[PDB]
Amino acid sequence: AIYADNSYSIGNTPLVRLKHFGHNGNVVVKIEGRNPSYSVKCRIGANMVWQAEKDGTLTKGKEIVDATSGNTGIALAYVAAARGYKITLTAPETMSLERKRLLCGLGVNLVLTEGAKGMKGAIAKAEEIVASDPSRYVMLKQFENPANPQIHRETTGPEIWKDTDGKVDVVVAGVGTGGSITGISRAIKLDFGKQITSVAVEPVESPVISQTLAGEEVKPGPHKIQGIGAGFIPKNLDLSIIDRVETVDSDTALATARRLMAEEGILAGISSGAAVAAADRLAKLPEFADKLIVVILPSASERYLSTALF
């Protein structure tokens, strides 16, 4: 029916079958670009704010502070705007000027730090701002805030189960904060009782989950797959539900993304191309030929036009 504000309109994203990936239709994609803010992060921007209200840490008057690497800050921005919260978001001068303006036009009180050290400064500034008056601010902390995976367990997971009628066999998701694969896996494995195969995807340039699980020295490193590869293990990544970890390089993630536009008519971001390249690999293994593979496409295309993707 009718949503009280734009925060409630999250989710119910479509599953679509791919024709030029997989084997006789075993790869189906879940299009999270089909959301407010054009990415999966709307789901956690909404729920981290709802939960902060449920527990009283968010009150009719307090101000949201956070630092953001991109999609999340827009999510929180639109939810704050929808629900009428002051929001401060911190980000260095290493930022897109189209990303600055979007945030600003969202009523974000944007904090511009120095580029140099990277995101460690703006994040430090984000705790710094809170440190001034903790009673005035609340930092939502997507990497460790459990409301992040709990929304995927409550929505994104059941949506997958429902739309496939319980027939999903594998789920393929890149990991940034890890909340996606976590919430979904728990949903399907624990609430819906089905021992699916949960596949984490990361960049071959910064393969810290793979290096970790194999006891190998952890060596994070630069990459272009925007949205994943945080370069450490996030607290919202539960390695206990991860069955398999696939790595994908940036160039293949791009080529796959472009390929989805030109052949599938699906316009998604570099991270969505990374996830499909991972799922395609598995789908074309005789052990997965009969199984139903569900791949999360984290974001939509038109918010990557001016980096590499175009």
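So that there is no doubt, residue numbering starts at 1 and follows the sequence shown.
The question of which stretch, 190-198 or 135-143, has the higher mean Cα B factor is settled in favour of 135-143. Comparing the deposited coordinates for 257-265 and 242-250, the stretch with the larger average C-alpha B-factor is 257-265. Within the selection 160, 91, 172, 204, the deposited Cα B-factor values reach their highest point at 91. Of the candidates 101, 153, 167, 224, the PDB record gives 101 the highest C-alpha temperature factor. In this PDB entry, residue 80 carries a Cα temperature factor that places it within the middle third of its chain's modelled residues. In this PDB entry, residue 60 carries a Cα temperature factor that places it within the highest third of its chain's modelled residues.
Residue-level temperature factors show residue 306 in the highest third of its chain, judged at the C-alpha atom. In this PDB entry, the Cα temperature factor of residue 70 sits in the top third of its chain's modelled residues, the highest group. Remark: residue 96 belongs to the highest third of its chain, ranked by C-alpha B-factor as recorded.
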